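Right, one structure below, let's go through it.
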Amino acid sequence: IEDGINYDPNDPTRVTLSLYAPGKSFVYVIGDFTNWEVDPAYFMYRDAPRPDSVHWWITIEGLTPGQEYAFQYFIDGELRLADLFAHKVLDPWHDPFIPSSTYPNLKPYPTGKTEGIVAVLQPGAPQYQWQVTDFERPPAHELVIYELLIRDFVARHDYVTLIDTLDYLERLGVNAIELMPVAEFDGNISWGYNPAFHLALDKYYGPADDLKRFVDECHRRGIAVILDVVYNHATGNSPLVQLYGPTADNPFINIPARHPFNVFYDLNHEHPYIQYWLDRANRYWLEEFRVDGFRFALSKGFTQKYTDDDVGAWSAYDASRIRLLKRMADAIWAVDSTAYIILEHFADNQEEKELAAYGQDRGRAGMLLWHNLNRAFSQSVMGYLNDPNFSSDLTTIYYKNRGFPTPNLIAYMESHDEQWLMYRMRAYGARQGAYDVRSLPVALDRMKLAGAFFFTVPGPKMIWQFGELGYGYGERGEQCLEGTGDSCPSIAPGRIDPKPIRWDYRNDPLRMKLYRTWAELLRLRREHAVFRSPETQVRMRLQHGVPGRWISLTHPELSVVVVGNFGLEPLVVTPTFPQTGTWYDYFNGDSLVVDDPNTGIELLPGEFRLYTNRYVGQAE
Ligand SMILES: OC[C@H]1O[C@H](O[C@H]2[C@H](O)[C@@H](O)[C@@H](OC[C@H]3O[C@H](O[C@H]4[C@H](O)[C@@H](O)[C@H](O)O[C@@H]4CO)[C@H](O)[C@@H](O)[C@@H]3O[C@H]3O[C@H](CO)[C@@H](O)[C@H](O)[C@H]3O)O[C@@H]2CO)[C@H](O)[C@@H](O)[C@@H]1O
Ligand SMILES: OC[C@H]1O[C@H](O[C@H]2[C@H](O)[C@@H](O)[C@@H](O[C@H]3[C@H](O)[C@@H](O)[C@@H](O)O[C@@H]3CO)O[C@@H]2CO)[C@H](O)[C@@H](O)[C@@H]1O
Ligand SMILES: [Ca+2]
Ligand SMILES: [Mn+2]
């Protein structure tokens with residue numbers, strides 16, 4: 001028996017319920033099967049081998065196979081608690097706003113019979129029949145991740161509609177989709193970082209069997225699914241907060257929070273029960289939904305070290321935090337030894353290297369770390385390469401330039417937390433004579449240039465929905481993310497508010513040229529190990545204040561030189577080619593004779609070229 005809702009795989013008429021709650025006096029289960037009455041038949045047993053090891057349990061018999069039943073734990077005659085480990089809840093405040101087209105035949109809340117969120121159990125639930133048997137998840141260091149917010153990716157905000165986008169995403173060339181948080185969050189409209197029931201699937205994105213269908217369809221196409229998951233904190237509607245209240249006596253939480261950038265109730269990751277709950281949650285999402293791994297939101301928050309409001313002190317090497325993340329990783333990898341462990345960390349490099357290295361001596365991939373290059377790419381595509389406050393240096397895109405021995409950094413130009421590059425170019429872009437980065441066609445060309453200096457570099461990569469169509473700025477500047485330092489127009493939505501959905505951008509040939517350029521770069525990357533391999537030898541000229549930029553890659557199967565003009569006027573850019581001879585322009589189909597490794601190439605502002613040391617075809 002574990003805490004939560006324990007089905008009997010051989011008896012669909014019963015369930016065993018178990019709650020961890022030291023310090024309580026008595027518990028009744030109330031629910032549909034008690035007619036929401038307090039009944040002595042539903043008085044829970046107290047199992048208390050030690051005062052800090054108290055579990056309340058009962059076996060409920062005589063249920064109808066396949067029927068849903070709402071229930072709560074009614075504790076001490078004063079607290080009505082939905083199970084911490086519920087996989088579905090009914091929310092009386094927000095469920096009325098979920099269309100039947102989003103969640104067909106949604107069980108009505110027991111209005112007037114109880115109050116607060118209720119848990120749902122369903123013995124003998126019909127089982128989704130998984131179709132894909134032989135899916136091989138991409139190597140962790142080869143991930144090309146599409147970060148997706150279901151709320152703002154499709155107007156219907158649901159799993160069944162996501163399935164209809166997979167031809168578009170597969171053609172773009174990503175090999176993983178990262179869903180922003182799908183676990184039950186307060187309300188319906190959210191980015192998802194207000195989790196209430198961390199093992200329940202939020203019903204506003206549709207039923208669980210539709211997420212299973214989505215994962216199965218991704219797997220059919222060779223695409224992994226990563227879940228963004230939020231374990232730093234819990235809202236006031238979490239049973240971790242409600243069981244003892246937001247009080248000094250609640251051992252699960254920290255008030256005040258132990259570190260900066262906390263929201264809601266900071267959790268105590270040193271508490272053995274929080275470790276149990278975390279492990280249960282990671283195991284559940286892997287086992288039930290067959291997802292390929294997790295992006296751990298605010299993993300730097302997994303510590304009891306007190307740094308108050310000191311971000312520098314928080315980001316410093318924290319041995320306690322490293323222990324807790326290795327402990328969590330051991331439990332994940334005991335469930336599934338190749339599950340992705342992705343940290344949204346932003347700790348000092350000493351700590352990040354140690355987390356990346358963990359398990360590699362035992363055949364594990366190590367942990368992957370978010371690597372934010374939004375500001376450096378922003379400066380680079382805006383055409384401001386000499387700002388003393390905002391570096392344009394892209395050198396650290398390659399893992400060895402960040403001091404890492406292995407490709408465990410997920411670089412991104414964009415994430416849901418960062419400004420759109422297209423906003424920055426259209427809002428602030430540089431100009432010289434006739435060349436204006438604020439002009440939409442010029443800005444789209446600079447995103448092609450940015451892609452050529454991003455998708456070509458070994459190690460995993462992430463892109464944020466619709467960057468490939470030039471999302472940002474929009475009609476008048478409304479496509480602007482608040483809270484990045486930029487003063488968004490008055491017409492922009494709030495940072496966390498719904499953003500415009502613009503699939504009509506597929507009908508703009510200029511925006512589709514950007515999509516097709518990124519798709520062609522990702523096809524090159526898929527087809528040629530040079531772009532992906534930890535054995536690739538990399539040289540680069542991506543420094544701050546250098547407009548004439550280049551990357552060289554050498555590998556046994558292919559050598560590559562990427563050249564780009566991040567300036568505002570025509571420029572001769574002189575890469576060091578790794579070998580003399582004839583090189584082949586992949587996009588333009590022409591040749592380049594290199595008889596001096598230092599060969600100058602005149603480029604228009606915003607232009608890139610990609611050369612290979614042998615003919616490998618042409619962009620379509
Ligand atoms: O209540 C009405 C509002 O509800 C919704 O808003 C939600 C929001 O969608 C949800 O994410 C959550 O916001 C918390 C913070 O989320 C983000 O930060 C996370 C990062 O994006 C993520 O990458 C990282 O891993 O984790 C971060 C959280 O630790 C935003 O960047 C923050 O701005 C959000 O904070 C805001 O809310 C908090 C707490 O309420 C507030 O203290 C903070 O100062 C704010 O800055 O919770 C929100 C509800 O509170 C809906 O989306 C809104 O449109 C609606 O008005
Ligand atoms: O005024 C001359 C000024 O030009 C250049 O500065 C540019 C910045 O480099 C660039 O980031 C952008 O600044 C915006 C920030 O990105 C944004 O986050 C917010 O802070 O608003 C800024 C615009 O006000 O654009 C400016 C040019 O306007 C150059 O690099 C500077 O050295 C120089 O002083
Ligand atoms: Ca919800
Ligand atoms: Mn924390």
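Every chain in the structure tokens takes a letter, A first, then B, and so on in the order presented; its residues are numbered from 1, and the ligands are numbered from 1 following the presented order.
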All helix (DSSP H, G or I) residues (DSSP, backbone) inside region 378-446 of chain A, as a ChimeraX atom specification: /A:378-382,395-397,399-402,421-428,440-446
Backbone-only DSSP, strand (DSSP E or B) members of region 375-566 of chain A, as an NGL selection string: :A and (409-412 or 431-432 or 435-436 or 461-464 or 473 or 479 or 537-541 or 548-555 or 558-565)
For C-alpha atoms, I'd like the residues from the last selection saved as a tab-separated table (two decimals), in the first residue's frame.
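Final output, out13.tsv:
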chain	number	residue	atom	x	y	z
A	409	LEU	CA	23.82	22.45	-22.03
A	410	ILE	CA	20.46	23.11	-23.78
A	411	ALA	CA	21.14	26.45	-25.49
A	412	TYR	CA	18.19	28.64	-26.47
A	431	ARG	CA	19.82	50.90	-38.98
A	432	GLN	CA	22.50	52.15	-41.39
A	435	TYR	CA	19.36	48.68	-44.06
A	436	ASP	CA	16.82	48.76	-41.19
A	461	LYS	CA	18.94	23.03	-28.32
A	462	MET	CA	15.49	24.43	-27.55
A	463	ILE	CA	13.17	26.75	-29.49
A	464	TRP	CA	10.02	28.50	-28.23
A	473	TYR	CA	5.88	42.57	-32.19
A	479	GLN	CA	3.40	40.55	-29.19
A	537	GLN	CA	36.23	19.84	-33.54
A	538	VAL	CA	34.85	23.39	-33.30
A	539	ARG	CA	36.53	26.74	-33.97
A	540	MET	CA	34.58	29.98	-33.87
A	541	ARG	CA	34.66	33.74	-34.17
A	548	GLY	CA	32.05	39.14	-39.23
A	549	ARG	CA	31.28	35.83	-37.49
A	550	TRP	CA	32.01	32.21	-38.41
A	551	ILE	CA	32.03	28.64	-37.08
A	552	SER	CA	34.13	25.77	-38.43
A	553	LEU	CA	33.24	22.14	-37.68
A	554	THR	CA	35.42	19.12	-38.55
A	555	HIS	CA	34.28	15.50	-38.22
A	558	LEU	CA	31.95	16.11	-43.04
A	559	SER	CA	33.58	19.52	-42.50
A	560	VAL	CA	31.48	22.73	-42.34
A	561	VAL	CA	32.04	26.46	-42.27
A	562	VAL	CA	29.20	28.86	-41.38
A	563	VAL	CA	29.85	32.55	-42.13
A	564	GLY	CA	27.60	35.46	-41.17
A	565	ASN	CA	27.41	39.25	-41.25
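Nearest-residue note for ligand 2: choosing from A:420, A:466, A:608, A:130, the minimum distance belongs to A:420, counting only C-alpha atoms and all ligand atoms.
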Near-ligand residues for ligand 3, threshold 12 Å, only C-alpha atoms and all ligand atoms, as a PyMOL selection string: chain A and resi 88-98+117+181-198+200-206+235+237-238
Based on the selection just made, write N, CA, C and O atoms of those residues as a short mmCIF file (atom, residue, chain, number, x, y, z; two decimals), in the first residue's frame.
data_model
loop_
_atom_site.label_atom_id
_atom_site.label_comp_id
_atom_site.auth_asym_id
_atom_site.auth_seq_id
_atom_site.Cartn_x
_atom_site.Cartn_y
_atom_site.Cartn_z
N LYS A 88 -6.93 13.05 -10.66
CA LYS A 88 -8.01 13.88 -11.23
C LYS A 88 -8.74 14.52 -10.07
O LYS A 88 -8.96 13.83 -9.05
N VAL A 89 -9.07 15.79 -10.21
CA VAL A 89 -9.86 16.51 -9.19
C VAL A 89 -11.02 17.23 -9.89
O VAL A 89 -10.91 17.54 -11.08
N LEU A 90 -12.05 17.51 -9.12
CA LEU A 90 -13.12 18.43 -9.56
C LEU A 90 -12.97 19.71 -8.75
O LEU A 90 -12.87 19.68 -7.51
N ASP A 91 -12.88 20.81 -9.48
CA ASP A 91 -12.63 22.15 -8.92
C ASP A 91 -13.94 22.91 -9.03
O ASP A 91 -14.41 23.15 -10.14
N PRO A 92 -14.62 23.21 -7.91
CA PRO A 92 -15.98 23.74 -7.99
C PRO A 92 -16.00 25.15 -8.60
O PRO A 92 -17.02 25.51 -9.19
N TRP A 93 -14.92 25.90 -8.41
CA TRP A 93 -14.84 27.31 -8.86
C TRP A 93 -14.61 27.36 -10.36
O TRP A 93 -15.22 28.24 -11.03
N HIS A 94 -13.77 26.49 -10.90
CA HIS A 94 -13.24 26.66 -12.27
C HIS A 94 -13.78 25.62 -13.23
O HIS A 94 -13.80 25.88 -14.44
N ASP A 95 -14.22 24.44 -12.75
CA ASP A 95 -14.75 23.43 -13.69
C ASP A 95 -15.94 23.94 -14.50
O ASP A 95 -16.04 23.56 -15.67
N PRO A 96 -16.84 24.78 -13.97
CA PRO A 96 -17.96 25.25 -14.79
C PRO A 96 -17.54 25.98 -16.06
O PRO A 96 -18.35 26.06 -16.98
N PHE A 97 -16.30 26.47 -16.11
CA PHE A 97 -15.78 27.22 -17.29
C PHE A 97 -15.15 26.29 -18.32
O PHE A 97 -14.73 26.80 -19.38
N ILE A 98 -15.03 25.01 -18.05
CA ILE A 98 -14.42 24.07 -19.02
C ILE A 98 -15.51 23.65 -19.99
O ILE A 98 -16.43 22.97 -19.56
N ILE A 117 -12.00 21.57 -3.34
CA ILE A 117 -11.64 20.62 -4.41
C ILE A 117 -11.87 19.22 -3.88
O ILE A 117 -11.53 18.94 -2.72
N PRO A 181 3.69 23.36 -18.04
CA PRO A 181 3.11 22.45 -17.06
C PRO A 181 1.66 22.03 -17.30
O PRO A 181 0.78 22.84 -17.47
N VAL A 182 1.49 20.71 -17.35
CA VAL A 182 0.17 20.07 -17.58
C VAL A 182 -0.44 19.61 -16.25
O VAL A 182 -1.62 19.31 -16.24
N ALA A 183 0.31 19.62 -15.16
CA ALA A 183 -0.21 19.15 -13.85
C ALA A 183 -1.18 20.19 -13.30
O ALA A 183 -0.92 21.41 -13.40
N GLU A 184 -2.26 19.70 -12.71
CA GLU A 184 -3.37 20.50 -12.14
C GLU A 184 -2.85 21.74 -11.41
O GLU A 184 -2.18 21.65 -10.34
N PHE A 185 -3.18 22.89 -11.97
CA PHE A 185 -2.74 24.20 -11.48
C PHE A 185 -4.01 24.95 -11.07
O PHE A 185 -5.13 24.59 -11.49
N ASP A 186 -3.84 25.99 -10.25
CA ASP A 186 -5.00 26.79 -9.82
C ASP A 186 -5.67 27.36 -11.07
O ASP A 186 -4.98 27.84 -11.98
N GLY A 187 -6.99 27.32 -11.10
CA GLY A 187 -7.76 27.86 -12.22
C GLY A 187 -7.52 27.14 -13.51
O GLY A 187 -6.97 25.98 -13.54
N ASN A 188 -7.94 27.77 -14.60
CA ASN A 188 -7.86 27.16 -15.94
C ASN A 188 -6.81 27.84 -16.79
O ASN A 188 -6.16 27.15 -17.58
N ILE A 189 -6.72 29.17 -16.73
CA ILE A 189 -5.86 30.00 -17.61
C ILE A 189 -4.55 30.21 -16.88
O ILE A 189 -4.58 30.87 -15.85
N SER A 190 -3.46 29.64 -17.39
CA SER A 190 -2.18 29.67 -16.67
C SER A 190 -1.04 29.29 -17.59
O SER A 190 -1.25 28.51 -18.55
N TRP A 191 0.16 29.77 -17.28
CA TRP A 191 1.41 29.19 -17.81
C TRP A 191 1.62 27.81 -17.17
O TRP A 191 2.25 26.98 -17.81
N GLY A 192 1.16 27.64 -15.93
CA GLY A 192 1.21 26.34 -15.24
C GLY A 192 2.08 26.32 -14.00
O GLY A 192 2.16 25.27 -13.37
N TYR A 193 2.70 27.43 -13.60
CA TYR A 193 3.67 27.45 -12.48
C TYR A 193 2.97 27.76 -11.15
O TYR A 193 3.66 28.11 -10.20
N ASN A 194 1.66 27.50 -11.09
CA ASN A 194 0.84 27.56 -9.86
C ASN A 194 0.22 26.18 -9.64
O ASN A 194 -1.00 26.03 -9.60
N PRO A 195 1.05 25.14 -9.38
CA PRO A 195 0.58 23.77 -9.19
C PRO A 195 -0.16 23.58 -7.87
O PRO A 195 0.29 24.04 -6.83
N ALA A 196 -1.27 22.85 -7.93
CA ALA A 196 -2.11 22.50 -6.77
C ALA A 196 -2.09 20.99 -6.54
O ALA A 196 -2.03 20.59 -5.39
N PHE A 197 -2.22 20.18 -7.59
CA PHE A 197 -2.24 18.70 -7.47
C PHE A 197 -1.23 18.16 -8.47
O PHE A 197 -1.49 18.08 -9.67
N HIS A 198 -0.03 17.89 -7.98
CA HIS A 198 1.15 17.69 -8.84
C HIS A 198 1.11 16.34 -9.56
O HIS A 198 1.94 16.17 -10.50
N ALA A 200 -1.97 15.20 -10.74
CA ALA A 200 -3.24 15.24 -11.48
C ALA A 200 -3.03 15.99 -12.80
O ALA A 200 -2.22 16.92 -12.85
N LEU A 201 -3.73 15.59 -13.83
CA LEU A 201 -3.67 16.24 -15.15
C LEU A 201 -4.71 17.35 -15.21
O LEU A 201 -5.92 17.07 -15.09
N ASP A 202 -4.28 18.59 -15.41
CA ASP A 202 -5.22 19.72 -15.50
C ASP A 202 -6.26 19.46 -16.60
O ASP A 202 -5.90 19.06 -17.73
N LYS A 203 -7.54 19.57 -16.25
CA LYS A 203 -8.64 19.21 -17.17
C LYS A 203 -8.86 20.26 -18.25
O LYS A 203 -9.52 19.95 -19.24
N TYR A 204 -8.32 21.47 -18.11
CA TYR A 204 -8.54 22.51 -19.14
C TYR A 204 -7.84 22.15 -20.45
O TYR A 204 -8.18 22.74 -21.48
N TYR A 205 -6.83 21.27 -20.42
CA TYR A 205 -6.11 20.83 -21.64
C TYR A 205 -6.68 19.52 -22.18
O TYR A 205 -6.25 19.07 -23.24
N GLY A 206 -7.70 18.97 -21.54
CA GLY A 206 -8.41 17.80 -22.05
C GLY A 206 -8.14 16.56 -21.22
O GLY A 206 -7.34 16.56 -20.28
N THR A 235 0.74 25.77 -4.42
CA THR A 235 -0.23 26.84 -4.07
C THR A 235 -0.90 26.49 -2.75
O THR A 235 -0.80 25.35 -2.25
N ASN A 237 -3.86 25.75 -2.43
CA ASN A 237 -4.85 24.68 -2.67
C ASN A 237 -4.18 23.31 -2.68
O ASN A 237 -4.88 22.32 -2.80
N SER A 238 -2.86 23.23 -2.58
CA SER A 238 -2.15 21.93 -2.45
C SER A 238 -2.44 21.33 -1.09
O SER A 238 -2.32 22.02 -0.09
#
Within 7 Å of ligand 4, counting only C-alpha atoms and all ligand atoms, residues as a PyMOL selection string: chain A and resi 232-233+257-259+262+266-268+301-303
Limited to C-alpha atoms, could you put the picked residues into a file as a JSON list (two decimals), in the first residue's frame?
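So the final result, stored in selection01.json, reads:
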[["chain", "number", "residue", "atom", "x", "y", "z"],
["A", 232, "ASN", "CA", 9.87, 24.12, -5.89],
["A", 233, "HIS", "CA", 6.50, 25.20, -4.45],
["A", 257, "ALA", "CA", 10.99, 30.94, 1.48],
["A", 258, "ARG", "CA", 14.65, 29.88, 1.82],
["A", 259, "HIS", "CA", 15.81, 31.61, -1.40],
["A", 262, "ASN", "CA", 10.02, 31.91, -4.78],
["A", 266, "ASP", "CA", 8.28, 27.09, -0.84],
["A", 267, "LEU", "CA", 8.64, 23.32, -0.20],
["A", 268, "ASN", "CA", 11.17, 21.67, 2.14],
["A", 301, "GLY", "CA", 15.06, 26.30, -5.39],
["A", 302, "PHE", "CA", 15.49, 22.66, -4.21],
["A", 303, "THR", "CA", 17.42, 23.64, -1.05]]
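Checking A:381, A:447, A:263, A:160 one by one against residue 514 (chain A), counting only C-alpha atoms, you find the shortest gap at A:447.
Using only C-alpha atoms and all ligand atoms, the smallest distance between any of A:364, A:213, A:495, A:400 and ligand 1 comes from A:495.
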d(atom 53 (C, counted along the ligand's line) of ligand 1, CA of residue 494 (chain A)) in Å: 7.7 Å
Who sits within 12 Å of residue 52 (chain A), only C-alpha atoms, same chain under 3 positions skipped, as a PyMOL selection string: chain A and resi 20-24+47-49+55+251+271-273
Distance query residue 357 (chain A) at most 9 Å, only C-alpha atoms, self and fewer than 6 positions along chain excluded, as a ChimeraX atom specification: /A:365-367,404-406,408
How about saving the chosen residues, N, CA, C and O atoms kept, as a compact mmCIF listing (two decimals), in the first residue's frame?
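Below you can see again-v1.txt, which holds the result:
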# COMPACT_ATOMS: atom_id res chain seq x y z
N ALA A 365 23.23 9.62 -19.05
CA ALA A 365 23.51 10.80 -19.90
C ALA A 365 24.03 11.97 -19.06
O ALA A 365 24.58 12.92 -19.65
N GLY A 366 23.82 11.95 -17.75
CA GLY A 366 24.01 13.13 -16.91
C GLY A 366 22.78 14.02 -16.98
O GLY A 366 21.91 13.77 -17.82
N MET A 367 22.72 15.02 -16.11
CA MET A 367 21.61 15.99 -16.16
C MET A 367 21.89 17.00 -17.26
O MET A 367 23.06 17.25 -17.59
N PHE A 404 32.38 22.91 -19.98
CA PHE A 404 31.78 21.56 -19.89
C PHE A 404 32.54 20.58 -20.74
O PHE A 404 32.87 20.87 -21.89
N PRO A 405 32.83 19.36 -20.24
CA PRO A 405 33.51 18.35 -21.03
C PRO A 405 32.58 17.57 -21.97
O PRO A 405 33.06 16.90 -22.86
N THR A 406 31.26 17.69 -21.75
CA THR A 406 30.24 16.94 -22.52
C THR A 406 29.09 17.88 -22.85
O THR A 406 28.89 18.88 -22.16
N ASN A 408 25.98 18.88 -22.41
CA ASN A 408 24.86 18.77 -21.44
C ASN A 408 24.19 20.13 -21.25
O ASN A 408 23.35 20.24 -20.31
6 Å shell around ligand 2 using only C-alpha atoms and all ligand atoms, listed as a ChimeraX atom specification: /A:379,384,386-387,428,485-486
With N, CA, C and O atoms kept, could you save the residues just selected as a PDB file, in the first residue's frame?
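again.pdb was written with the following content:
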ATOM      1  N   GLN A 379      21.058  40.925 -28.795  1.00  0.00           N
ATOM      2  CA  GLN A 379      22.012  42.001 -29.181  1.00  0.00           C
ATOM      3  C   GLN A 379      22.490  41.725 -30.603  1.00  0.00           C
ATOM      4  O   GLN A 379      22.571  42.676 -31.406  1.00  0.00           O
ATOM      5  N   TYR A 384      23.461  45.437 -32.392  1.00  0.00           N
ATOM      6  CA  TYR A 384      24.213  46.203 -31.367  1.00  0.00           C
ATOM      7  C   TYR A 384      25.241  45.276 -30.746  1.00  0.00           C
ATOM      8  O   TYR A 384      24.936  44.559 -29.760  1.00  0.00           O
ATOM      9  N   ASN A 386      28.305  46.226 -29.545  1.00  0.00           N
ATOM     10  CA  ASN A 386      29.305  47.033 -28.800  1.00  0.00           C
ATOM     11  C   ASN A 386      28.653  47.688 -27.583  1.00  0.00           C
ATOM     12  O   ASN A 386      29.186  48.702 -27.102  1.00  0.00           O
ATOM     13  N   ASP A 387      27.571  47.107 -27.068  1.00  0.00           N
ATOM     14  CA  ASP A 387      26.903  47.614 -25.844  1.00  0.00           C
ATOM     15  C   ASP A 387      27.707  47.195 -24.621  1.00  0.00           C
ATOM     16  O   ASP A 387      27.859  46.006 -24.347  1.00  0.00           O
ATOM     17  N   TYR A 428      13.623  47.855 -31.511  1.00  0.00           N
ATOM     18  CA  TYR A 428      14.892  48.543 -31.153  1.00  0.00           C
ATOM     19  C   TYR A 428      15.953  48.391 -32.241  1.00  0.00           C
ATOM     20  O   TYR A 428      17.032  48.969 -32.047  1.00  0.00           O
ATOM     21  N   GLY A 485      12.681  43.582 -18.886  1.00  0.00           N
ATOM     22  CA  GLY A 485      13.471  44.826 -18.907  1.00  0.00           C
ATOM     23  C   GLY A 485      12.963  45.756 -19.984  1.00  0.00           C
ATOM     24  O   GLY A 485      13.147  46.988 -19.863  1.00  0.00           O
ATOM     25  N   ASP A 486      12.353  45.204 -21.035  1.00  0.00           N
ATOM     26  CA  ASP A 486      11.784  46.020 -22.138  1.00  0.00           C
ATOM     27  C   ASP A 486      10.485  46.663 -21.652  1.00  0.00           C
ATOM     28  O   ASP A 486       9.663  46.001 -21.009  1.00  0.00           O
TER      29      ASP A 486
END
Pick from A:215, A:132, A:199, A:180 nearest to ligand 1, counting only C-alpha atoms and all ligand atoms: A:180
With only C-alpha atoms as the counted atoms, please give the residues lying no more than 12 Å from residue 221 (chain A), apart from itself and same-chain residues fewer than 5 positions off, as a short mmCIF file (atom, residue, chain, number, x, y, z; two decimals) with N, CA, C and O atoms, in the first residue's frame.
data_model
loop_
_atom_site.label_atom_id
_atom_site.label_comp_id
_atom_site.auth_asym_id
_atom_site.auth_seq_id
_atom_site.Cartn_x
_atom_site.Cartn_y
_atom_site.Cartn_z
N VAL A 132 2.42 2.36 -30.12
CA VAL A 132 3.86 2.37 -30.49
C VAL A 132 4.62 1.46 -29.53
O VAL A 132 4.43 1.56 -28.33
N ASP A 134 8.17 0.26 -30.51
CA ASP A 134 9.63 0.30 -30.80
C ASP A 134 10.15 1.74 -30.97
O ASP A 134 11.03 1.96 -31.83
N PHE A 135 9.65 2.70 -30.18
CA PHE A 135 10.15 4.10 -30.21
C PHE A 135 11.48 4.17 -29.46
O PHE A 135 11.62 3.62 -28.35
N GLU A 136 12.45 4.84 -30.06
CA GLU A 136 13.80 4.99 -29.48
C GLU A 136 13.98 6.47 -29.20
O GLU A 136 13.90 7.27 -30.15
N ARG A 137 14.10 6.85 -27.93
CA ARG A 137 14.17 8.29 -27.65
C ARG A 137 15.52 8.77 -28.16
O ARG A 137 16.51 8.03 -28.18
N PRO A 138 15.55 10.01 -28.71
CA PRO A 138 16.80 10.61 -29.15
C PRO A 138 17.84 10.58 -28.05
O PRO A 138 17.54 10.69 -26.85
N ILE A 163 -2.47 17.07 -31.47
CA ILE A 163 -2.14 15.95 -32.40
C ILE A 163 -2.12 16.46 -33.84
O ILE A 163 -1.25 16.03 -34.61
N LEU A 166 1.22 18.00 -35.45
CA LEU A 166 2.49 17.24 -35.45
C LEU A 166 3.11 17.18 -36.84
O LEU A 166 4.34 17.15 -36.90
N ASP A 167 2.34 17.26 -37.93
CA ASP A 167 2.99 17.31 -39.27
C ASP A 167 3.86 18.57 -39.36
O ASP A 167 5.00 18.52 -39.85
N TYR A 168 3.34 19.69 -38.87
CA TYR A 168 4.03 21.00 -38.86
C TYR A 168 5.32 20.90 -38.03
O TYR A 168 6.39 21.35 -38.47
N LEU A 169 5.22 20.38 -36.82
CA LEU A 169 6.40 20.25 -35.93
C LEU A 169 7.40 19.23 -36.47
O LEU A 169 8.60 19.47 -36.39
N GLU A 170 6.94 18.10 -37.00
CA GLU A 170 7.86 17.08 -37.52
C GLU A 170 8.63 17.66 -38.72
O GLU A 170 9.86 17.46 -38.79
N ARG A 171 7.95 18.36 -39.61
CA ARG A 171 8.58 18.95 -40.82
C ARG A 171 9.62 19.98 -40.38
O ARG A 171 10.71 20.04 -40.98
N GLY A 173 11.56 19.80 -37.89
CA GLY A 173 12.75 18.99 -37.61
C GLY A 173 13.07 18.87 -36.13
O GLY A 173 14.16 18.39 -35.81
N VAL A 174 12.17 19.26 -35.25
CA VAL A 174 12.41 19.05 -33.80
C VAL A 174 12.29 17.54 -33.53
O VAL A 174 11.62 16.82 -34.28
N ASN A 175 12.94 17.06 -32.48
CA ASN A 175 12.82 15.63 -32.12
C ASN A 175 12.29 15.47 -30.70
O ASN A 175 12.22 14.35 -30.23
N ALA A 176 11.89 16.56 -30.06
CA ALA A 176 11.20 16.51 -28.75
C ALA A 176 10.28 17.71 -28.64
O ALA A 176 10.60 18.78 -29.20
N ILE A 177 9.17 17.52 -27.93
CA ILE A 177 8.24 18.61 -27.56
C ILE A 177 8.23 18.69 -26.05
O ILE A 177 8.04 17.65 -25.40
N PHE A 214 -1.63 11.70 -27.71
CA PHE A 214 -0.62 12.67 -28.16
C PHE A 214 0.79 12.09 -28.01
O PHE A 214 1.57 12.16 -28.96
N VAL A 215 1.13 11.55 -26.84
CA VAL A 215 2.47 10.95 -26.61
C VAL A 215 2.69 9.81 -27.62
O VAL A 215 3.76 9.73 -28.23
N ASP A 216 1.71 8.92 -27.75
CA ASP A 216 1.81 7.78 -28.69
C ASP A 216 2.06 8.30 -30.11
O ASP A 216 2.95 7.77 -30.81
#
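Proximity of A:264, A:231, A:109, A:73 to ligand 1, computed with only C-alpha atoms and all ligand atoms, is greatest for A:264.
When only C-alpha atoms and all ligand atoms are used to compute distances to ligand 1, the closest of the residues A:313, A:119, A:162, A:179 turns out to be A:179.
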Contacts of region 57-69 of chain A within 6 Å, only C-alpha atoms, excl. fewer than 3 positions in-chain, as a VMD selection string: chain A and resid 12 to 18 32 44 to 45 120 to 125
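CA of residue 289 (chain A) is found 24.1 Å from atom 8 (C, counted along the ligand's line) of ligand 1.
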Residue 242 (chain A) surroundings by only C-alpha atoms, 10 Å radius, close-in-sequence under 3 positions cut, as a PyMOL selection string: chain A and resi 79-82+84+235-239+245-247+250
For CA of residue 528 (chain A) and CA of residue 590 (chain A), the interatomic separation in Å (one decimal): 19.9 Å
